[PDB]
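Below: one structure, written as structure tokens.
For neighbour counting, all protein chains shown are included, and Cβ atoms are generated from backbone atoms with ideal geometry for every residue, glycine included. Every number here is computed from the coordinates shown, using simple stated rules; none is lab data.
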Amino acid sequence: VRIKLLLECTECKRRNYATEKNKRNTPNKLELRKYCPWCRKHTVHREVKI
Amino acid sequence: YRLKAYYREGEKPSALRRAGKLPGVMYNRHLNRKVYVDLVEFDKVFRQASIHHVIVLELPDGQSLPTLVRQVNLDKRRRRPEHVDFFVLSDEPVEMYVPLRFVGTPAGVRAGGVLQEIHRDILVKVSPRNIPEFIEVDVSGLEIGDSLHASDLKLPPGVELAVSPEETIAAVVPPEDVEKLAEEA
Amino acid sequence: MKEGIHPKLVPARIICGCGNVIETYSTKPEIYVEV
Amino acid sequence: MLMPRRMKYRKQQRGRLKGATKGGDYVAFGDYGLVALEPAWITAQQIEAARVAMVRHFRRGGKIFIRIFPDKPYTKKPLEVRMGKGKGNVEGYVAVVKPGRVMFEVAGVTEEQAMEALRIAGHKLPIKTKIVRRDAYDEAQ
Amino acid sequence: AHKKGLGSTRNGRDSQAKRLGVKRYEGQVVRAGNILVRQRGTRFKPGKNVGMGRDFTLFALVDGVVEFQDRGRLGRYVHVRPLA
Amino acid sequence: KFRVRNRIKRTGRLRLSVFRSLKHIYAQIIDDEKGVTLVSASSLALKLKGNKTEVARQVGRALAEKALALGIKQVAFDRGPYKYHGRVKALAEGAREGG
Amino acid sequence: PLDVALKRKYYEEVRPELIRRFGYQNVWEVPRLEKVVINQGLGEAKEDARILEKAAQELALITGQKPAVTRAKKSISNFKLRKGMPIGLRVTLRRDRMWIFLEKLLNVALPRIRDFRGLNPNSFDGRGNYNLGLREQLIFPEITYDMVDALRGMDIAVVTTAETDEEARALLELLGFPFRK
RNA sequence: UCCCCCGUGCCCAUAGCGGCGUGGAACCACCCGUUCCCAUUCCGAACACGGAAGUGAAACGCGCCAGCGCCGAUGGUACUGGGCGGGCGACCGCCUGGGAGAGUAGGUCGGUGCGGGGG
RNA sequence: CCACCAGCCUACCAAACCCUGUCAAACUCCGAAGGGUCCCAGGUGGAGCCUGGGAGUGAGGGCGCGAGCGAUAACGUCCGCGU
RNA sequence: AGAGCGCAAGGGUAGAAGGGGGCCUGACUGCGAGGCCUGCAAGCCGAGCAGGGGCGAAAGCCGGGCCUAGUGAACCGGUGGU
């Protein structure tokens with residue numbers, strides 16, 4: 001169920017993804033959690049859309 | 001008491017019982033010799049037995065030694081003996097079951113009541129030199145419900161005990177009737 | 001009882017209503033009571 | 001009557017009735033008692049048939065030790081109805097008893113009395129019976 | 001035919017029995033990958049050259065010879081020793 | 001009561017089963033399987049100095065040279081209620097390299 | 001080694017009274033103090049929770065040692081609160097601290113128990129411990145009026161090294177306790 | 001080569017629960033101090049750090065008792081691949097190889113590699 | 001039957017407790033028979049392997065014993081190895 | 001070890017998978033040995049490797065959570081992007 005809406009953590013550097021899920025019912029805002037894209041290393045990873 | 005017991009070998013105990021010479025095993029400390037009694041007189045003299053007596057086995061080997069019973073095998077179906085174990089005796093204090101000669105007709109008794117013979121056999125240790133036949137337990141002033149137990153009985157100087165001491169040896173209870181049609185509900 | 005904001009210690013009296021001069025070491029600097 | 005009021009599995013199957021008493025065919029209780037002869041279920045309603053004519057015939061009598069407890073559901077199903085549609089309901093609460101199993105005894109009564117009383121009492125019980133004392137029934141608790 | 005009152009149920013559903021048990025026994029050779037036990041709880045516990053992923057399941061790391069281990073005061077183990 | 005088999009975490013590979021008991025530090029190296037041991041370095045039973053943290057230091061690297069004489073390389077520091085208090089002997093510069 | 005009036009008291013007092021009416025001929029068997037713990041077991045911080053805790057922290061000030069908020073464990077359906085995290089303060093106190101504690105205690109706390117007829121010689125745990133309860137929190141010398149709200153007692157938890165009756169009550173009587181008789 | 005104690009693995013309660021007895025000169029546990037590493041969801045409890053006095057009490061190492069715990073023969077039944085039959089049935093018997101539980105007897109308060117500290 | 005708090009109890013109701021008997025598929029302290037699988041060896045047999053084309057065949061039914069449903073009724077009817 | 005282990009049980013579990021805390025953020029990238037399962041199609045456990053990163057002195061751990069459900073082939077499209 002939503003209020004926990006899902007998102008695809010898009011990274012900077014012009015794309016590269018890892019897929020997750022939020023939590024609106026929790027104080028969780030946007031999320032720039034440290035993950036590793038298809039190209040490079042454990043750099044950044046932010047949050048976009050659904 | 002007396003009972004001719006013949007040695008056993010390696011035959012099938014099936015034949016034994018169904019021929020008369022009834023299969024039974026005896027042991028003691030290290031031994032576990034193989035013999036058999038007979039159908040008729042073993043069963044007869046066993047009514048006079050139980051682990052209250054000293055049974056002699058007169059083995060046709062020139063030996064004749066006493067034992068006490070232990071672990072009897074009934075045939076379940078058509079219930080009647082099909083094996084007996086015999087623990088041999090010594091003379092250093094060992095353990096068996098004492099019978100309780102109930103002596104006394106109290107007040108719950110007589111004025112109704114039903115006898116409650118609980119541990120008709122109690123676990124006790126005696127020196128096999130003095131093998132006391134029985135011990136008389138007395139009801140005397142016992143009303144329906146109440147009970148007799150522990151150190152209320154007789155203990156011959158050579159007789160020492162070990163059961164609870166608590167455990168009820170005997171008691172009395174209400175005798176039922178047709179006013180249970182009223183209870184029926 | 002190290003930690004941080006521990007409520008302190010320090011000496012104190014017991015100037016009772018009888019004539020007691022008991023020496024103590026309690027959280028309050030100056031106390032006095034009955035007996 | 002008497003039985004459990006709420007056990008585990010209400011609808012419980014029948015199974016199989018082979019033999020051996022499972023244990024409990026000695027005496028250990030009353031003066032004179034009754035032993036089964038046919039390996040099967042045995043009714044509670046019949047247990048109380050027994051106890052009825054028994055304790056009835058001998059009013060002001062002794063005491064009864066019934067070592068039998070009838071708690072196995074009957075799988076009984078409606079009349080004038082088709083097959084399937086469900087499984088039988090927990091009717092007739094009976095017990096698993098084979099021959100030998102010293103069903104039930106009494107004490108505080110005289111020989112001839114226990115003889116006749118248990119004779120009719122057991123007579124009622126849905127089979128054939130045997131009547132036992134307390135002699136060669138020694139030691140096997 | 002006057003079929004008096006009937007009934008219905010809910011007890012018609014049954015979970016699908018997925019294949020369970022140990023796959024190898026003392027002797028066989030695993031080759032890194034050859035899983036050996038589809039178990040629930042630690043009915044058998046890993047040790048030498050034996051792994052255990054996410055489902056409680058012991059498997060292969062080396063080209064090993066299977067063996068068991070009785071330990072009681074810890075349970076039962078499954079060990080593997082290849083060549084050495 | 002720090003059993004846990006913290007020594008199951010020391011089932012891992014190779015062992016250095018120590019145990020300080022008030023006065024002497026009973027530090028030891030054990031090879032496994034065979035249950036055959038190796039080293040029994042100590043403080044006061046070693047007939048060296050007499051303090052906890054000092055001997056430790058030195059004895060730690062004593063062990064260094066020891067193992068580097070017997071062609072080993074690494075093992076594993078072991079105790080129930082260890083907590084690790086450096087003692088930068090910490091038997092790793094002491095041979096093991098594991099520090 | 002902070003010296004208090006009860007320290008030097010219990011000091012000499014315990015030893016030869018025990019050496020004379022008793023005597024465990026082995027210098028280290030005579031049992032003495034141990035742990036002085038206190039716990040009030042409310043459950044009335046159903047809500048208003050930790051505002052009812054500040055009432056209990058000024059208590060931590062009177063002894064001089066911070067407390068730990070211990071809690072419930074199950075699912076209560078009467079006085080509310082399930083899971084288990086209410087107002088069950090368990091405060092732990094030791095050697096020199098229990099000394100100033102039971103100093104103000106045995107010297108000036110027990111006299112204003114207006115119901116005073118003596119400590120209970122029956123609330124012993126027979127293992128060298130002595131639990132009981134009380135009614136007012138202001139019976140402890142350093143908490144004036146302008147601070148107390150409703151009602152607040154506590155359940156005194158004093159454990160000793162002792163483990164037999166007569167000597168438990170004896171240690172306490174050698175410490176200066178106001179018991180029954 | 002051996003006895004004792006302290007670190008340890010291993011068989012996996014015949015290993016332990018209780019009771020009684022015993023040493024600490026060594027190792028050991030306390031103990032004392034919290035100046036100091038550490039740290040208390042609060043507590044010198046603790047995990048530690050600084051070691052005189054003193055202790056063998058709690059811990060422990062060892063024994064003596066079966067009282068509980070556990071192990072438990074085997075004489076022997078229950079049953080069971082295989083095969084053969086009796087009755088309407090439910091079930092039952094025969095020959096063969098196998099063959100427990102129960103508890104009867106009895107047993108055991110255990111033993112073994114490595115390492116070190118002492119004679 | 002008193003309060004410094006308690007003393008006290010019944011041929012009264014009444015849990016825990018144990019002894020005596022105890023039943024269970026979804027209860028398991030023990031657990032067979034057998035069955036299943038891998039190694040060695042024998043086993044020469046309308047065996048087994050691989051590939052390819054050519055097939056069909058998928059309401060099965062009396063019997064035995066292992067369980068169910070029925071009602072410990074059915075030429076009932078649903079699985080099981082076996083026939 | 002009958003407690004607790006999100007929600008059904010079963011099973012397993014304290015020599016943790018439970019309960020508290022410090023630093024993070026491996027519900028990673030490229031793969032994939034080999035097995036379980038099974039007509040297919042999916043489902044499934046995953047040594048070990050190369051980049052890089054967290055923790056821990058280190059040994060070593062991290063490709064989600066004790067586990068057995070929390071699912072939808074393919075086209076037809078929608079957004080960001082090569």
³J(HN,Hα) across the stretch B:168-173 via Karplus (A = 6.51, B = -1.76, C = 1.60, θ = phi - 60°), whole Hz, x for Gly/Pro? 5, 6, 6, 7, 9, 9
Starting from the Cα gyration tensor of chain B, take the square roots of the eigenvalues, sort them a ≥ b ≥ c, and report rounded, prolate or oblate (rounded when a/c is under 1.5, otherwise prolate if a/b is larger than b/c, else oblate). oblate
Would you list A:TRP38, G:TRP28, D:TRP41 from fewest to most Cβ contacts within 10 Å? G:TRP28, A:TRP38, D:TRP41
Scan around B:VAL109 for amide H atoms under 5 Å from its own, H built in the peptide plane at 1.01 Å from N, and keep only partners 5 or more places away or cross-chain. B:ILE144
What trypsin sites (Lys or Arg not before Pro) in the stretch G:69-149 are in a loop by DSSP, with at most 16 other Cβ atoms within 10 Å of the Cβ? G:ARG71, G:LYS73, G:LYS74, G:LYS80, G:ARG82, G:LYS83, G:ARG94, G:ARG114, G:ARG117, G:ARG127, G:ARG135
Give the shape of the stretch D:1-70 as rounded, prolate or oblate, defined through the alpha-carbon gyration tensor: a ≥ b ≥ c are the square roots of its eigenvalues, a/c under 1.5 means rounded, and otherwise the shape is prolate if a/b is larger than b/c and oblate if not. oblate
First select every other residue whose beta carbon is under 12 angstrom from the beta carbon of B:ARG47; then total the charges, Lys and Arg +1, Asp and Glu -1. -1
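Test of understanding: given chain A, find the longest segment containing no trypsin sites (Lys or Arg not before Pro) that are in a DSSP loop and have at most 10 other Cβ atoms within 10 Å.
Details: sites that count: A:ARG2, A:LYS13, A:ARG14, A:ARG15, A:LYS29, A:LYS34, A:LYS41, A:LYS49.
Excluding the exposed sites themselves, the longest stretch runs over A:16-28.
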Have a look at D:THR110, D:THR43, D:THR129 and tell me which one the Gaussian network model of chain D (Cα, springs below 10 Å) gives the largest fluctuation. D:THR110
Within the protein assembly as shown, the percent of DSSP beta bridges that are antiparallel, given to the nearest 5, stands at 90 percent
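How long is the gain from G:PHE79 to G:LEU138 if the chain were fully straight, where each residue apart is worth 0.36 nm and the alpha carbon distance is subtracted?
Working it through step by step, the gained length comes to 18.6 nm.
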Below 14 Å, Cα to Cα, which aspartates and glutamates can E:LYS18 reach? Residues fewer than 8 away in the same chain don't count. E:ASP55
Cut-off under 5 Å, modelled amide H: who pairs with E:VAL22 long-range: E:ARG38
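Which entries of D:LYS63/D:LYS98; B:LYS180/D:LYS18; C:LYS28/G:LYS7; G:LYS35/G:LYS104 have Cα-Cα distances beyond 29 Å here? Let's see the in-between values first.
Details: D:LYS63/D:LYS98 24 Å; B:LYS180/D:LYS18 36 Å; C:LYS28/G:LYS7 19 Å; G:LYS35/G:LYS104 17 Å.
Where the Cα-Cα span goes over 29 Å, the pairs concerned are B:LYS180/D:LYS18.
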What does the net charge come to around D:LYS98 if you take all other residues with beta carbon closer than 10 Å to its beta carbon, with K and R at +1 and D and E at -1? +3
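Under the rule that an exposed site lies in a DSSP loop and has at most 10 other Cβ atoms within 10 Å, name the longest stretch of chain D with no trypsin sites (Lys or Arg not before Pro) of that kind, not counting the sites themselves.
Working: sites that count: D:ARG5, D:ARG6, D:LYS8, D:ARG10, D:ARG16, D:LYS18, D:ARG82.
Looking at chain D, D:19-81 is the longest stretch - no exposed trypsin sites (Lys or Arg not before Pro) with at most 10 other Cβ atoms within 10 Å.
Of all chymotrypsin sites (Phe, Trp or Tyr not before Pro) in the stretch B:1-51, which ones are in loop regions per DSSP and have a Cβ with at most 13 other Cβ atoms within 10 Å?
Details: sites: B:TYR1, B:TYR6, B:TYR7, B:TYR27, B:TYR36, B:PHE42, B:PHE46; in loops: B:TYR1, B:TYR27.
Loop-located and lightly packed - B:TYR1.
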Between F:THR53 and G:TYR24, the two model label points (7 Å from Cα along the beta-carbon direction) sit apart by a distance in nm of 3.6 nm
For peptide D:50-62, how many partner chain Cβ atoms fall within 10 Å of a residue's Cβ, on average? 4
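Can you tell me the FRET efficiency between A:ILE50 and F:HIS85 if r is taken as the Cβ-Cβ distance and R0 is 51 Å, rounded to the nearest 0.05?
Numbers: r = 52 Å, r/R0 = 1.02.
E(calc), rounded to 0.05, equals 0.45.
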Using alpha carbons only, how many degrees (0 to 90, rounded to 10) separate the axis of helix D:111-124 from the longest principal axis of chain D? 10 degrees
Amide H of C:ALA12: which non-local residues (sequence gap of 5 or more, or other chain) have their own amide H closer than 5 Å, using H built in the peptide plane? C:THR24, C:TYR25, C:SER26
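First check a/c for chain F, with a ≥ b ≥ c the square roots of the eigenvalues of its C-alpha gyration tensor; if it is under 1.5, answer rounded, and if not, answer prolate when a/b is larger than b/c or oblate otherwise. Show your work: numbers first, answer last.
Details: a/c = 1.62, a/b = 1.15, b/c = 1.41.
In terms of gyration-tensor shape, oblate.
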Based on other C-beta atoms within 10 Å, arrange D:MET1, G:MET85, B:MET96 from fewest to most. D:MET1, G:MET85, B:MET96
Starting from the Cα of B:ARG47, move 7 Å in the Cα-to-Cβ direction to define the label point; list residues of the stretch D:97-121 whose amide nitrogen is under 17 Å from there. D:111-112
Provide F:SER43, G:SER123, E:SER8 in ascending order of the number of other Cβ atoms located within 10 Å of each residue's Cβ, fewest first. E:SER8, G:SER123, F:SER43
I need the trypsin sites (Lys or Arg not before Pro) found in the stretch B:39-97, filtered to DSSP loop residues with at most 15 other beta carbons within 10 Å of theirs. B:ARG70, B:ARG77, B:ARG78
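When only C-alpha pairs under 8 Å and at least 6 residues apart count, what is the relative contact order of the stretch B:63-117, in percent? Let's see the in-between values first.
Values: 36 pairs, mean separation 14.3, N = 55.
Taking the mean separation of contacting Cα pairs over the length of the stretch B:63-117, I get 26 percent.
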Under the Karplus relation with 6.51, -1.76 and 1.60 and θ = phi - 60°, whole-Hz ³J(HN,Hα) for the stretch F:60-65, x at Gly and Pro, equal x, 6, 4, 3, 3, 4
Got a sec to turn the phi values of the stretch G:35-43 into Karplus ³J(HN,Hα) couplings, 6.51 cos²θ - 1.76 cosθ + 1.60 with θ = phi - 60°, whole Hz, x for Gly and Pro? 10, 10, 10, 10, 9, 9, x, 6, x
What relative contact order, as a whole-number percentage, does chain B give when Cα pairs under 8 Å and 6 or more residues apart are counted? 17 percent
Under a point spin-label approximation (7 Å from Cα along Cα-to-Cβ), what is the D:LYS18-F:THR37 distance to one decimal in nm? 5.8 nm
Listed residues G:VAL69, G:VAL14, G:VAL27; largest mean-square fluctuation, Gaussian network over chain G with Cα springs below 10 Å, found at G:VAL27
F:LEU44-G:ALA49 FRET efficiency (beta carbon distance; Förster radius 45 Å; 0.05 resolution): 0.25
Output the relative contact order of chain G, whole-number percent, from Cα pairs under 8 angstrom with separation of 6+ residues. 29 percent
Who wins for biggest fluctuation among B:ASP146, B:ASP91, B:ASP61 in a Gaussian network model of chain B, springs between alpha carbons below 10 Å? B:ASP61
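When DSSP beta bridges are limited to those with both residues in the stretch B:100-185, what percentage is antiparallel, rounded to the nearest 5?
On the way: 11 of 14 bridges.
Percentage antiparallel, nearest 5: 80.
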